[PDB]
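Chain nomenclature is as follows: A, B, C, D, E and F, assigned in order of appearance, with residue numbering initiated at 1 for each chain independently.
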Amino acid sequence: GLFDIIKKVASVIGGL
Amino acid sequence: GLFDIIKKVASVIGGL
Amino acid sequence: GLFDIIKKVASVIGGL
Amino acid sequence: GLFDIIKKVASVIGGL
Amino acid sequence: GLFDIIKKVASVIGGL
Amino acid sequence: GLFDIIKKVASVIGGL
């Protein structure tokens, strides 16, 4: 789009 | 679209 | 886009 | 417990 | 607890 | 606790 928000997460426990 | 929100998660336990 | 926000997180516990 | 992680969020759109 | 991590966030769009 | 971390954020767009 024209404002783009991306988040990526890695965890052993608890990716909320 | 024209504002785009993306979230990706990896976990051994508890991806909520 | 034309203002792009990216976040990456890595953890043993608790990637909120 | 003996390690406590707390998060609160407010938004009009997209509280992921 | 004995190590305590607190986060609060406000936004119009996108509190991830 | 006995080592306490606190964060507050305000934004129009993107509080990650």
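Basically, contacts are C-beta pairs under 8 Å (C-beta built on N, C-alpha and C of every residue); 3 or more make two chains touch, one makes a residue touch a chain.
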| message | Sharing more than half its contact pairs with D-E, counted by residue number, which one of A-F, B-E or A-C qualifies? | response | A-C
| task | Please state whether A-F or A-C has more C-beta contact pairs across its interface. | result | A-C
| Approximately how many whole Å separate the CA-defined centres of subunit B and subunit C? | 10
| At what distance in angstrom does the C-alpha mean of subunit F lie from that of subunit E? | 5
| request: Could you grab the centroid distance between subunit C and subunit E? Build each centroid from C-alpha atoms only and quote it in angstrom. | output: 14
| Two or more partner chains touched - positions in subunit F | 1, 13-16
| said: Give the list of subunit F residues in touch with subunit C in this complex. | reply: 14, 16
| Which positions of subunit B touch subunit A when the two form their complex? | 1-16
| remark: Per the touch rule above, subunit B residues touching subunit E in the complex are 3, 5, 7
